[PDB]
Every structure is written in C-alpha cells, then in structure tokens.
Amino acid sequence: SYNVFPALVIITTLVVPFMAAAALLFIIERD
Amino acid sequence: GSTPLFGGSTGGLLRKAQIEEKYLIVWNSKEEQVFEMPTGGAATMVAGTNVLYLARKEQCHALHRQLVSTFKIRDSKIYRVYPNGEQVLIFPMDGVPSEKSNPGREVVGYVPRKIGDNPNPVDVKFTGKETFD
Amino acid sequence: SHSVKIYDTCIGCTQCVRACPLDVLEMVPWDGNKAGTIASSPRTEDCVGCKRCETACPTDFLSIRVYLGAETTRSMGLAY
Amino acid sequence: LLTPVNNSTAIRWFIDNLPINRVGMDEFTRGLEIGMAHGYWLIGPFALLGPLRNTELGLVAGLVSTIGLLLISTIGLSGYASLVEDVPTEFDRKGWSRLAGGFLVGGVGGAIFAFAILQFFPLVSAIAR
Amino acid sequence: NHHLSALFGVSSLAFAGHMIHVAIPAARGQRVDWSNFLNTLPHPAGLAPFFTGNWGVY
Amino acid sequence: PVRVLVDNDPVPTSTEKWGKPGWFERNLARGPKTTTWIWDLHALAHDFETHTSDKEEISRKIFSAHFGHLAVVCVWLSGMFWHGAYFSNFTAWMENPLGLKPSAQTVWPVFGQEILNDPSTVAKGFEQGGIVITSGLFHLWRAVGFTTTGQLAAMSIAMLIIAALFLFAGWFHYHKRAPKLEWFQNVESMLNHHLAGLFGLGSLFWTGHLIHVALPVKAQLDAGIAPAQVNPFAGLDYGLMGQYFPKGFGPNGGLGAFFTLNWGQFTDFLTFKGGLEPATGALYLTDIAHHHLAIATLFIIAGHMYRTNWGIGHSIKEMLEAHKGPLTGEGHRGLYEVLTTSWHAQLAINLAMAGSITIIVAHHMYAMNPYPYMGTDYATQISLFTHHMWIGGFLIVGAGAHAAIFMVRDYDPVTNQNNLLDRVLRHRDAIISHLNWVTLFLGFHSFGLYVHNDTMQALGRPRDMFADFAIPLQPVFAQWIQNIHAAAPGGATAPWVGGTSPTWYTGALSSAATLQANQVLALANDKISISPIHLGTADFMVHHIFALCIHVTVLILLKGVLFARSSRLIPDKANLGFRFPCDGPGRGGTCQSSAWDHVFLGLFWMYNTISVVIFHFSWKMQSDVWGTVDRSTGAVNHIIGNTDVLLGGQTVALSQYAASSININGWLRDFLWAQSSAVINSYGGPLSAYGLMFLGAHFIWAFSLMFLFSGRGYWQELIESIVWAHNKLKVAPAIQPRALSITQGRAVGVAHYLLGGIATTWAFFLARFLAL
Amino acid sequence: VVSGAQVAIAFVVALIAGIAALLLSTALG
Ligand code: CLA
Ligand SMILES: CC1=C(/C=C/C(C)=C/C=C/C(C)=C/C=C/C=C(C)/C=C/C=C(C)/C=C/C2=C(C)CCCC2(C)C)C(C)(C)CCC1
Ligand SMILES: CC1=C(/C=C/C(C)=C/C=C/C(C)=C/C=C/C=C(C)/C=C/C=C(C)/C=C/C2=C(C)CCCC2(C)C)C(C)(C)CCC1
Ligand SMILES: CC(C)=CCC/C(C)=C\CC/C(C)=C\CC/C(C)=C/CC1=C(C)C(=O)c2ccccc2C1=O
Ligand code: SF4
Ligand code: SF4
C-alpha cells in the first residue's frame with residue numbers, strides 16, 4: 003500500500019531533465 | 011610610427027581583437043609626454059607618429075578626447091582593423107570635424123516633424139515599421 | 002543597432018554632436034533654423050545607446066531621440 | 017602583461033606536455049588520459065565522504081557515483097563538441113567529439129581502477145600472510 | 176681569509192659552544208635546550224673567569 | 011626649511027553670507043529653482059574641493075573644520091560628565107558597583123514615559139530612577155579615580171573650556187591667522203610632533219595621572235575607605251604615597267631612585283603582571299601604568315625619526331624612492347607626492363587604520379577588560395563590543411570611498427609612472443577576478459556547510475552533519491595559537507610575565523560544556539567575567555563566514571577604487587566623476603557603475619559582515635563564556651545551558667552554540683526566536699522603549715526598500731499629478747517639487763536600511779541583556 | 005613521538021624545498 007516506482011522517479015526527475023537540458027542546449031546553440 | 015611606451019596590462023585586447031575587429035588610433039606628437047591609457051595605467055607617447063591598438067571604438071574616441079583636452083593634439087585618426095588585415099578609416103570620415111557643419115554631407119536620421127507628431131503604435135500594428143518613420 | 006532620429010525642432014546648437022562618445026553624430030547644413038545646420042546620425046552602427054546626446058539637447062521636448070533596438074557587439078559595448 | 021607565473025620554463029614544459037597540449041596525440045588518447053586521471057581521484061571524495069561511507073558497500077556506491085558524475089560531464093562535453101565549429105585539429109568538431117568519447121571511457125575506467133585498488137589493496141601485502 | 180676564519184674557525188668555535196652549553200650538560204644528566212639555555216650557566220662562575228684571564232677555573 | 015607661513019586675516023568675520031545659502035558653489039549660488047537645489051546644498055556643503063580650485067583654501071577650511079569637530083566632541087564629553095554629575099546614581103553605584111545598575115538619564119513624567127525610569131537603578135540621590143546605561147562610563151570613571159559626583163561636574167566644566175578653546179582656534183586659524191599651503195605639507199614635522207608630543211607626552215602625562223590619582227584612589231578603596239572619604243590628592247603627598255607603595259615611595263626615595271637609575275624600587279607601582287585581578291576581573295592598574303610609560307618612551311623615541319630643521323633624521327621622500335625592486339618597477343616613487351598633495355589619499359589611509367583599530371579595540375576590551383567589574387556587566391560588554399564593531403566597519407567603508415575619490419580627483423598619470431600605484435591599475439582584472447574566485451570559494455565552503463547541516467538535520471541524518479558531534483572541522487591553527495599563549499607567561503618566551511588573558515587557556519578542554527569553576531574568573535556576585543573560550547567546528551564555520559563577508563566587502567570597495575577611472579564598459583568613467591548615477595541604458599545598461607555606487611553596495615556588505623560578527627559574539631559569549639558559578643559542585647552555569655544532541659538516541663551534551671549554531675535553523679530558532687522574548691514582552695515595563703525601538707526600526711528598514719527597489723521616473727510622474735492639484739488650487743510652490751535624484755534615492759535607501767537594521771539589533775541586544 | 009601532524013608539517017617543508025629546487029634546476033639549465 004506504499005505504491006511507488008522508484009525507477010520512474012529517477013528517470014523523470016534526473017535523467018530526462020538532464021536530457022531535456024541537453025536537447026534545449028542543441029536548440030538554442032545550433033547555427 | 012611606433013607604439014607608445016607601455017609595460018603592458020590586463021585591460022587590453024582579448025580574442026575578439028583576433029577574430030572579429032580591433033581598432034587602431036594614429037596621432038602625431040611633438041613632445042614625449044605621459045598620458046593615461048584607456049585600458050588602465052600610464053603610458054608615454056613618443057616624439058613622432060603614435061599607433062595604438064584598442065579593443066573598442068569608444069576606447070579610441072576616449073583617448074582622442076584626452077589627446078584634445080589635455081595635450082592639444084588634434085589630428086587623431088581612428089581605423090577599424092579587420093582580422094584578415096584590412097584597415098578602414100572611420101574617424102574622421104570626411105576630414106572636417108563632426109561639430110563643424112560641412113557642405114557635402116547627407117542628412118541621415120532626419121524626421122520632418124516635431125517629436126509629438128509621431129503616429130500611434132496602433133497605426134503601425136502588424137508591421138515591422140516603427141513610429142519613428 | 003539603435004535608431005537615432007533627429008526631428009525638425011533642432012536649433013543646430015551641435016551639443017549632441019559634442020556629447021557623443023562614439024562619433025555617431027555630425028552637423029550637415031540646413032535651412033530650417035537660424036544656425037543653418039542640423040544634427041545627423043550617419044554612423045548609428047557605432048551607437049551604444051548611452052543617450053548622452055539626448056542629455057545635451059536643449060529643446061523642449063528633444064530634437065534628437067535614441068530608440069534602443071537590436072543589440073550587436075558594438076552596441077553592447079563589448080571589448081570581448 | 018608578462019608575469020613569473022605566466023613565464024616559468026619547466027612550468028611551460030609541464031603544461032605543454034599535459035595530454036590536452038602534448039604534441040603528436042590523437043584527441044581520443046588525449047581524452048583517455050584526461051579521463052583516467054580524473055576518474056581515478058574522483059572516487060576518493062565519493063567513497064570516503066558519501067552517505068554510505070560507513071557501510072561495507074561504500075566503495076561500490078562511490079564507484080557508481082563517480083560514473084554518474086563523469087556521464088553528466090560527458091553530456092556537456094559531447095554537446096559542446098557538437099556545437100563548436102571553430103578551429104582546426106584539436107578544436108575540430110570531430111576532435112572535441114573524440115576527446116569527449118575518450119574522456120568518458122578513461123573516466124569510468126579510472127574510477128573502476130581506483131575502485132579495484134581501494135577494494136583490493138590488502139592483496140599487495142597478502143604474500144607475507 | 177673568510178674560509179679560514181669563519182667557515183673553519185667560527186664553525187669550530189660554535190661547535191665548542193654546542194658542546195659546552197648542550198652536550199656536556201646532557202652527559203651530566205642536565206637537560207639544556209632552546210627553552211632554558213638562555214638561563215642555564217654552562218659553568219657556575221660563568222664568563223667572569225674568561226674576561227679576567229683566570230682561565231683555569233674552567 | 012620647516013617654517014611657519016601664515017596669512018593674516020584672510021577672511022572677514024561677517025554674517026552677510028548667511029542671507030544666501032549655497033553661495034560656495036557656482037550652481038547653487040543662482041538660488042533654488044527646484045527642490046533638487048535643497049538636497050544639493052547639503053550634499054556639497056563639506057565637499058570643499060567643489061567650492062574652489064585653490065588647494066591652500068581647501069587646506070584652510072579642513073583645518074578650521076577640524077577644530078569645530080573637536081569642539082563638538084568636547085561638548086558631547088562635557089554632557090556625559092554633566093549627566094553623570096547631576097542626573098545619575100553614580101554616588102550610590104560607587105558603594106555597590108556589583109549590586110546596582112548604572113543610570114545617568116532620567117525621564118520627565120509626561121504621557122506616562124516615567125515607566126522608563128526603573129527600580130534596580132533607584133537609590134539615594136537618584137530617587138526616581140532612570141534609564142540603565144550601557145556605555146560603561148561609570149566603570150571608566152571609577153577606574154581613572156572619580157569617587158564623587160562633584161568631581162564629574164568639574165570635568166564637565168573643563169571639557170566646555172577645552173571646547174571653547176577649540177572653537178576659538180577654528181575661528182582664529184581661518185578668519186585671523188590662516189596657515190599657508192607649505193605649512194600643511196610639513197609631514198615630517200607633523201609626524202615628529204604627533205608621535206612625540208600628542209601620542210608620546212599624552213601617554214606620559216596619563217601615566218602621571220595613573221600613578222598619582224588612579225593608583226592611590228584604588229589603594230584607598232581596596233583598603234575599605236568609602237569613596238566619599240577618599241582623598242583624591244593622596245598621590246601628591248609623599249608620606250601618604252609611602253603607605254600604599256613602600257618600595258617606590260619609600261625611604262629609598264622616589265625621585266632619588268629615578269635619577270640614580272635605581273628603577274627597581276618602582277616595581278611596587280609598575281609591574282608586568284599581565285592577567286586579570288581576580289577580585290575585579292580587570293587588568294592591574296600597575297600594569298596599565300607601566301604600559302603607558304613604556305609606550306610613551308617608544309612614541310617619544312619614534313617622534314625623533316623624521317628630519318625637520320637640525321640635519322638629523324629621515325627624509326620620507328628619499329626613503330620611499332629607495333624601496334623599489336625589479337618585480338615592482340619604480341616602487342614607492344611618487345607616493346610622497348600623492349600623500350602630501352591629496353587630502354583624500356591621507357583620509358583613505360587614516361580611515362582604514364582608524365576603522366581597523368576600533369575593531370581591535372572591540373576584541374581586546376572583552377578579552378583584557380581594563381575596567382573593574384565591567385566584565386560582569388554583560389549589557390555593557392555587549393554594547394561596547396557592538397558599538398566599536400559598527401564604528402570600525404563604517405570607517406573602513408569610508409576608506410574605500412576616499413580611495414576612490416582620490417582616483418577620480420587627485421590621480422595624475424605623470425606622478426605615477428610604473429610605480430606601485432600604476433602597476434596595480436595595470437593588473438586590476440587579475441586582482442578582481444581572483445577576488446571574485448576567492449569569495450565564491452569561501453561562500454560555497456562556509457555558508458554551504460550551514461545549508462548542508464540544515465538539510466542533513468531535516469532529513470534525519472545528524473551523523474552526516476559538520477559538527478563536533480559528527481564530522482568535525484576543528485580550527486586547529488587557532489587552537490595551536492591558544493596553546494602557545496597559554497604556555498607563554500612564565501614559560502620560555504615570556505619568563506617574567508605573570509599571566510595573560512584567560513581566553514587562551516583552552517588546552518585542557520574539548521568543549522565549553524565541561525567547564526569547572528576553577529578555570530573561570532567569577533567575581534563576588536558569582537557571575538563569570540571571562541573564561542577560556544573553546545573553539546570548535548561551529549567557530550571554524552563562522553570564521554570562514556567572517557572571511558567571506560570581509561572579502562566580498564573588499565571586492566566591492568576595491569573594484570570601486572580600481573575601476574573608478576575607466577573600465578572596458580566605460581573607458582572615460584573619470585570624466586563622469588566619482589558620483590554619477592549611470593551612463594545611460596546603453597551598452598546593455600550601466601546603472602551603478604560609478605565608484606560612489608560601489609560604496610553604496612559596500613555598505614550593505616559591511617552591514618552583513620558586522621551583523622554576523624556581533625551575532626556570533628552575543629550567542630558564543632552567552633553559551634560558552636558568561637554565566638554563573640555555584641559554590642557547590644564547582645559548577646559553571648552558562649547563560650543558555652547545554653543542549654543534548656540525540657544522534658542515536660544516545661544523547662550527547664554540548665554547549666548550545668556548538669550544538670545548534672551549525673545550521674541556519676538553529677540561528678533562527680535558538681538565537682533569533684528564543685532571545686527575542688525579552689524585547690517582544692517588554693511592554694508595560696521599563697524596557698518597553700526597546701520594544702518600541704525594535705518595532706520602529708523594523709519599520710524604517712522596510713521603509714528603505716521603497717527607495718532601494720524603485721526608480722525616480724515613477725516618482726517624478728507621480729509628483730506631476732500632485733503638482734497638478736496644487737497648481738489647480740493656487741498652492742503650487744515656486745521651488746518646483748522634483749523626485750530625488752537617482753544617487754540620492756540610493757543614499758536615502760541605504761541610510762534608512764542601515765538605520766533600521768542596526769537599531770533593530772540594538773533594541774534586541776539591550777532588551778535581552780538588561781532583562782537577563 | 006612524531007605525530008601525524010608533524011609528518012604533515014614535514015611534507016609541507018619538503019614541498020617548499022621542492023619548489024626551491026625546481027627554481028634552481030630551471031635557472032641552471
Ligand atoms: C573622518 C571622516 C570623514 C570625512 C572628513 C569625510 C569627508 C567627506 N566625505 Mg566621506 N565617508 C566617510 C568618512 C569621512 N568623510 C565614511 C565613514 C563613509 C562611509 C559612510 C564615507 C563615504 C562617503 C561617500 C559615499 C561620499 C563621501 C563624501 C565626503 C565629502 C563631502 C561630505 C559632504 O558634504 O556630505 C554632506 C553630508 C550630509 C548631507 C550629511 C550626511 C547624513 C548621513 C548620510 C545620514 C546621517 C543619519 C544619522 C547616522 C542618523 C540620524 C537619524 C536621526 C536623525 C533620526 C567630504 C570630503 C562625498 C564626496 O563626494 O566626496 C568628494 C561622497 O559622495 N564620503
Ligand atoms: C574539456 C574538459 C571538460 C569540459 C567540458 C565542457 C566543455 C563542458 C561543457 C558543458 C556544457 C556545454 C554544459 C551545458 C549545459 C546546459 C544547460 C545547463 C542548459 C540549460 C537549459 C535551460 C535551463 C533551459 C531553459 C529553457 C529554454 C532555453 C527555452 C525553453 C524554456 C526553458 C526554460 C526550458 C571536462 C569538465 C569534462 C573535464 C575534462 C576536459
Ligand atoms: C605531487 C606532485 C605532482 C602531482 C600532483 C597530482 C595532482 C597528481 C595526481 C595524480 C593522479 C590523479 C593520478 C591518476 C592516475 C590514474 C591512473 C593510474 C588510472 C588508471 C586507469 C585505468 C588503468 C583504466 C583502465 C580502463 C578500464 C578499467 C576500463 C575502460 C578502459 C580503460 C582502459 C580506460 C606533480 C607531478 C604535478 C608535480 C610534482 C609534485
Ligand atoms: C523641517 C521639515 C522636515 C519640513 C518638511 C519638509 C517639506 C516641506 C517637504 C518634505 C519632502 C521630503 C522630506 C521628502 C519627499 C522626497 C520624495 C520626492 C520622495 C519620493 C521618492 C520615493 C518615495 C522613492 O522611493 C525614490 C527612489 C529612487 C529615486 C527617487 C525616489 C523619490 O523621489
Ligand atoms: S546614444 Fe550615445 S552613442 Fe548613440 S548617438 Fe547618442 S551619445 Fe552617441
Ligand atoms: S535605469 Fe536609471 S540608473 Fe539605470 S541606466 Fe536608466 S537612468 Fe541610469
């Protein structure tokens with residue numbers, strides 16, 4: 003009844019923000 | 011001409027002066043004398059033609075203002091130097107100083123109205139046209 | 002680059018030209034005032050937008066106007 | 017301005033022969049040596065001062081921590097490498113990109129090697145017992 | 176002149192100073208070091224027999 | 011070459027100029043047209059260099075203004091002795107310095123404000139009571155030998171005569187006999203006279219007061235004679251001097267021992283004790299007398315160093331020109347011309363020293379208390395430390411201001427060619443960028459430790475904290491220095507020094523919690539005057555906070571000095587002046603680029619610096635030093651008293667500063683929230699003025715943010731609609747209302763920010779320590 | 005005894021001799 007997916011916390015709060023920041027870096031610095 | 015006597019500083023040229031543009035100011039001096047660098051610190055101008063590389067046009071025009079106000083040196087010339095090596099004279103443009111009126115210049119930026127007769131911003135909506143036209 | 006406009010109220014006092022630290026401005030001959038001259042802004046790609054010219058202008062409301070526009074390396078005043 | 021810090025001879029020789037400046041290297045091998053150096057020492061603060069420092073899996077936690085730090089650093093360096101465009105050979109886009117690849121391989125490898133030394137340093141005196 | 180008088184002579188004089196102030200009292204069992212050598216006579220008559228020429232007291 | 015050149019009656023003494031304010035400057039002499047003129051009059055009134063270009067006329071105004079300021083100080087001192095003489099309980103405090111609170115301000119009974127007169131100051135001669143004073147004046151007057159209030163009244167009259175002398179000489183040396191410019195430039199003669207005459211003979215004459223007044227008065231009070239019965243001239247009678255000091259004033263005669271160089275007789279009244287007397291908690295008066303005798307000798311000696319008129323002595327200009335090297339170019343050449351032609355260069359140095367000395371005074375007075383029974387007056391100890399910390403911080407900022415004014419006004423490239431000054435300017439980017447780095451290093455690695463600790467404690471991880479109960483950061487260099495000074499009296503490097511400050515003796519302890527009564531200095535009221543001061547992890551952390559705040563304040567003020575004349579942004583900044591608002595919205599925007607605006611920003615960081623220092627002092631002294639001792643258990647009960655750190659839960663006992671100051675929540679809860687209970691409950695009693703000042707200072711501080719956060723273009727447009735309504739009803743004034751200038755709006759904001767913030771802590775401190 | 009603080013002090017003194025040796029050896033070459 004403690005229902006969490008810790009890997010979903012790691013992915014959505016660590017991994018994809020760093021990858022969105024990398025993606026946003028490519029958007030704002032290209033050309 | 012030669013560089014003024016200066017031991018170097020940290021307030022001078024950066025990589026912009028290698029890749030984009032730097033500036034050259036040329037003046038003649040009759041007496042060897044000490045002036046303040048716009049970079050910071052004191053230098054001595056030679057008794058001859060002086061050439062000095064500076065980072066901005068404003069630093070060159072500040073030295074020209076110092077050379078006029080303090081040393082009565084009038085004939086300063088400012089060049090824009092491109093990284094390929096091209097020099098383009100930028101000051102003074104037509105040989106006559108800017109404050110004195112000269113027949114031969116074109117009027118640039120003239121708006122044939124007083125400032126309160128500019129149109130409203132709603133008049134120029136959805137265009138790149140500005141109200142100072 | 003900033004836009005530096007000169008309006009028809011200019012009395013040709015040349016004070017904006019002397020005030021400008023970038024030599025943006027100059028006097029051309031005119032007929033609209035007793036001095037026979039008017040400020041002009043041929044070199045606004047060097048204009049930094051400091052508005053020292055507007056400070057020097059004596060006419061009620063001013064005959065020279067700086068409109069801050071697109072920023073360049075020159076207009077941001079960068080030595081780097 | 018010309019200073020004694022800016023002008024020492026065996027200080028100039030040392031900097032010129034660090035792998036980022038050393039003549040004759042490929043940018044991969046540059047990054048490999050740089051990563052191996054940094055990943056080696058970086059496990060030290062992670063293993064000794066990290067939250068699991070007083071448990072038996074403190075070194076493993078410090079190892080995975082260091083790999084995490086190097087991976088995020090590589091993201092910045094590889095992203096920098098894709099966007100530079102500026103100069104020839106070492107500051108080529110492919111040049112910086114090979115350095116980023118070498119940095120990560122060396123960095124993780126330096127941390128694993130430093131892990132193995134910290135985990136198995138009792139073996140260097142195991143002959144006597 | 177300098178190597179004979181100072182490098183040999185004064186250095187040997189200084190070593191005789193170490194022996195008299197430090198090493199001989201340590202052999203006597205008296206600890207003399209930097210913390211007390213300014214206030215420890217190496218000889219009880221100290222430096223009064225030296226200047227008056229009565230050197231046999233040492 | 012040292013002569014006296016004086017022009018006779020250069021300025022007529024007339025009141026004609028009083029009919030025209032603003033006569034002294036050419037813009038102001040045209041009269042007011044706008045309200046800007048009114049503020050311009052006050053801001054320019056003492057800027058004597060804007061009034062004329064004559065350097066001699068500027069030097070004459072400064073010299074005469076200095077006499078007027080000295081007269082102001084002597085009037086202030088005359089008032090202090092007057093209120094001590096006639097409006098005080100000094101007579102009753104002299105009989106009971108540990109049982110009665112000093113009061114020298116009593117309050118008239120209108121509107122109910124006589125609630126501010128309190129009992130525990132009420133005694134005979136002072137029936138109504140008054141405000142408890144925290145200036146320490148009674149401890150100072152008793153120390154230098156005042157016993158009666160009739161002696162304070164004579165001192166009040168003497169200070170008014172010195173004030174009237176000083177004020178007359180300001181009229182004399184401006185309007186009658188004004189010295190020439192070459193008289194002021196005799197810095198070698200001035201240094202000779204100030205070292206030997208002012209400082210040297212001032213200390214020697216004070217030694218004579220200490221020997222013949224302060225020592226025998228204390229000898230009579232220690233004998234048990236009541237201070238109404240104390241003969242003050244007892245040190246002038248050689249016979250009565252004989253009974254207190256048998257060796258120095260003996261059959262082996264006093265002045266006979268002096269001229270025969272039999273000075274060993276004088277060890278009765280001139281000692282080298284060092285430590286504190288256990289009965290008073292203060293320094294020995296014989297040590298204080300020998301101190302002032304020894305520094306009088308050294309200062310009189312120091313006043314013969316410089317050459318004036320008799321060949322011998324040093325030439326400062328030739329000394330400065332000789333101290334140069336390869337790494338520093340022409341070295342100190344030209345600095346003699348700087349320091350003898352720039353009043354701002356001298357003021358920058360002398361403010362830097364006076365501010366730094368005032369801070370040294372704050373540290374040395376708590377640790378080496380000179381005045382009997384003042385170490386147990388905690389509100390006095392808090393006030394004197396805090397006051398001199400604030401004075402010192404303000405003066406150091408003024409040193410940064412006038413160094414910048416020197417760079418704008420008095421700097422000359424011809425004087426400074428490849429000298430020390432020219433070479434500092436040529437690497438100002440190297441200096442400021444390294445200072446930028448070290449402030450970022452210090453701020454991360456000091457404040458980030460507090461934030462780490464806040465977070466670790468909130469997460470339930472107290473073993474992961476930086477603390478004495480957890481990962482320690484011991485200040486091992488300071489503990490080493492304490493060990494050296496603990497061992498030094500009687501030891502090898504000071505064999506005949508009998509003691510030192512008790513703060514050093516921390517050898518021998520690992521916390522202030524485990525402190526016994528034999529280690530502390532408690533007086534007869536059982537209150538601790540001073541103790542060993544333990545330095546642990548919390549003191550490591552707060553000292554690097556101090557280093558952060560000082561380095562940022564240095565960074566701001568030095569950036570203001572080094573970039574006062576030019577930058578890569580504004581290459582001709584010196585032509586805009588010391589004090590200009592900006593150079594317009596261009597170059598991205600140049601608001602606050604002037605050297606004045608760095609002084610403005612530096613004041614907040616000085617405020618931040620001194621606020622941490624006095625908060626550290628207040629909490630650390632209450633938790634680790636001050637308190638009571640019990641004559642059972644030998645137990646030291648500090649003012650706050652020993653938090654238990656859970657951690658396991660096997661509880662760990664630490665002092666409250668060591669257990670709680672290591673994170674910001676501890677500072678908020680255990681310092682600011684807990685100790686504010688005195689000031690917020692002060693209403694209905696005698697500390698209620700502190701509760702009013704606490705609220706009022708919060709208001710003034712908040713009021714300052716209206717000025718700091720806004721801009722004058724808003725306010726000028728708002729004034730336009732209001733001037734319309736006054737225009738509409740024939741009530742518009744001729745002096746046109748303007749919004750404050752951009753610079754003044756900053757100056758008003760920082761003045762009210764400083765006033766509100768400092769007076770809040772003042773009300774907080776004084777209500778805390780006068781209530782408990 | 006030679007405590008751990010004194011070993012650390014000795015390496016700091018040795019480091020200063022090391023940079024002094026570095027100054028001399030480059031001035032000699
Ligand atoms: C020996 C000390 C000393 C001296 C002689 C000077 C002298 C000078 N200063 Mg310097 N300065 C000093 C210390 C000193 N300062 C300190 C400690 C600071 C840091 C605060 C400064 C920072 C400073 C700046 C930033 C500037 C000066 C300027 C000046 C010059 C003009 C002063 C003037 O006319 O303002 C007129 C004075 C006033 C209008 C009164 C000031 C009132 C203050 C701001 C608020 C007082 C409130 C008070 C504390 C509490 C009252 C509350 C109560 C009423 C309810 C004059 C050369 C100015 C200059 O341009 O130099 C060329 C200038 O811009 N000073
Ligand atoms: C050489 C080397 C190195 C270096 C490296 C580098 C070069 C790095 C880089 C770095 C980088 C390169 C980084 C980056 C970062 C980025 C970021 C951090 C970003 C962010 C972003 C953001 C924040 C966003 C925002 C936004 C936008 C933009 C829009 C939309 C909205 C939003 C808001 C979302 C190292 C250390 C390895 C070591 C070895 C060698
Ligand atoms: C004292 C001194 C010094 C030094 C310093 C330092 C700072 C150092 C450091 C050092 C370091 C810091 C080191 C490190 C090392 C490292 C290593 C030794 C590594 C190794 C690694 C490895 C072996 C890896 C491998 C691998 C793997 C595992 C996997 C993947 C792949 C690879 C291959 C990468 C100098 C010289 C300057 C000078 C003189 C004095
Ligand atoms: C004896 C005595 C006291 C007589 C009374 C004296 C008489 C007659 C009038 C009194 C006027 C006075 C004393 C003050 C008004 C000052 C004023 C225009 C404030 C508005 C203003 C605010 C609120 C800002 O935040 C600000 C921020 C940045 C730049 C400018 C401004 C600014 O301008
Ligand atoms: S804004 Fe400044 S740079 Fe531009 S024209 Fe006006 S004075 Fe010249
Ligand atoms: S906002 Fe104010 S200070 Fe900043 S550039 Fe504009 S006028 Fe100047």
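Protein chains in written order, with PDB author numbering: chain aI, 3 to 33; chain aD, 11 to 143; chain aC, 2 to 81; chain aL, 17 to 145; chain cB, 176 to 233; chain aA, 11 to 782; chain cM, 5 to 33.
C-beta: ideal position from N, C-alpha, C; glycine also.
DSSP three-state label for residue i, please.
i: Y89 (chain aD); result: strand
i: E41 (chain aD); result: coil
i: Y63 (chain aD); result: strand
i: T661 (chain aA); result: coil
i: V185 (chain cB); result: helix
i: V134 (chain aD); result: coil
i: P22 (chain aA); result: coil
i: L265 (chain aA); result: helix
i: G50 (chain aD); result: coil
Using alpha carbons as the reference points, say which of the options lies closest to residue i.
i: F588 (chain aA); options: aA:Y421, aA:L545 and aA:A504; result: aA:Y421
i: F556 (chain aA); options: aA:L531, aA:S456, aA:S539 and aA:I580; result: aA:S456
i: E41 (chain aD); options: aD:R25, aD:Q28, aD:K26 and aD:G58; result: aD:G58
i: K26 (chain aD); options: aD:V44, aD:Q43 and aD:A65; result: aD:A65
i: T217 (chain aA); options: aA:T296, aA:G335 and aA:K740; result: aA:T296
i: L79 (chain aC); options: aD:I125, aD:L15, aD:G11 and aD:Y33; result: aD:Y33
i: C48 (chain aC); options: aC:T10, aC:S76 and aC:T15; result: aC:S76
i: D19 (chain aA); options: aA:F77, aA:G694, aA:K190 and aA:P485; result: aA:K190
For ligand 7, is there any heavy atom lying closer than 7 angstroms to the beta carbon of residue i?
i: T600 (chain aA); result: Annotation note on ligand 7: not contained in the displayed structure, which lists ligand 1, ligand 2, ligand 3, ligand 4, ligand 5 and ligand 6 as its ligands.
Is the beta carbon of residue i within less than 7 angstroms of some heavy atom of ligand 2?
i: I31 (chain aL); result: no
Please look up how many angstroms separate the CB atoms of residue i and residue j, rounded, as I've assumed it's under 8 angstroms.
i: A127 (chain aL); j: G66 (chain aL); result: 13 angstroms between Cβ atoms; not a contact.
i: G13 (chain aC); j: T45 (chain aC); result: The pair is not a contact, with the Cβ atoms about 20 angstroms apart (cut-off 8 angstroms).
i: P382 (chain aA); j: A292 (chain aA); result: 4 angstroms
i: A102 (chain aA); j: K134 (chain aA); result: 6 angstroms
i: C17 (chain aC); j: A57 (chain aC); result: 5 angstroms
Would you check whether ligand 6 has a heavy atom nearer than 7 angstroms to the C-beta of residue i?
i: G22 (chain cM); result: no
i: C592 (chain aA); result: yes
Is the closest heavy atom of ligand 4 to the C-beta of residue i under 7 angstroms?
i: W320 (chain aA); result: no
Would the C-beta of residue i count as close to ligand 1, meaning under 7 angstroms from any of its heavy atoms?
i: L705 (chain aA); result: no
Using 8 angstroms as the Cβ pair cut-off and three pairs as the minimum, do the region 609-627 of chain aA and the region 97-113 of chain aD touch?
no
Across the region 305-313 of chain aA and the region 212-219 of chain aA, are there enough close Cβ pairs to call them in contact, namely three or more that are closer than 8 angstroms?
yes
Would you be able to state if there are at least three C-beta pairs under 8 angstroms between the region 10-27 of chain aC and the region 129-141 of chain aD?
no
Are three or more beta carbon pairs between the region 491-502 of chain aA and the region 512-530 of chain aA nearer than 8 angstroms?
Yes, the region 491-502 of chain aA is in contact with the region 512-530 of chain aA.
Could you tell me whether the region 127-138 of chain aL touches the region 76-95 of chain aL, using the rule of 3 or more Cβ pairs below 8 angstroms?
yes
Touching or not, the region 135-149 of chain aA and the region 160-167 of chain aA, by the rule of three or more beta carbon pairs under 8 angstroms?
no
Could you say if the region 688-707 of chain aA and the region 126-141 of chain aA meet the contact criterion of at least three C-beta pairs nearer than 8 angstroms?
yes
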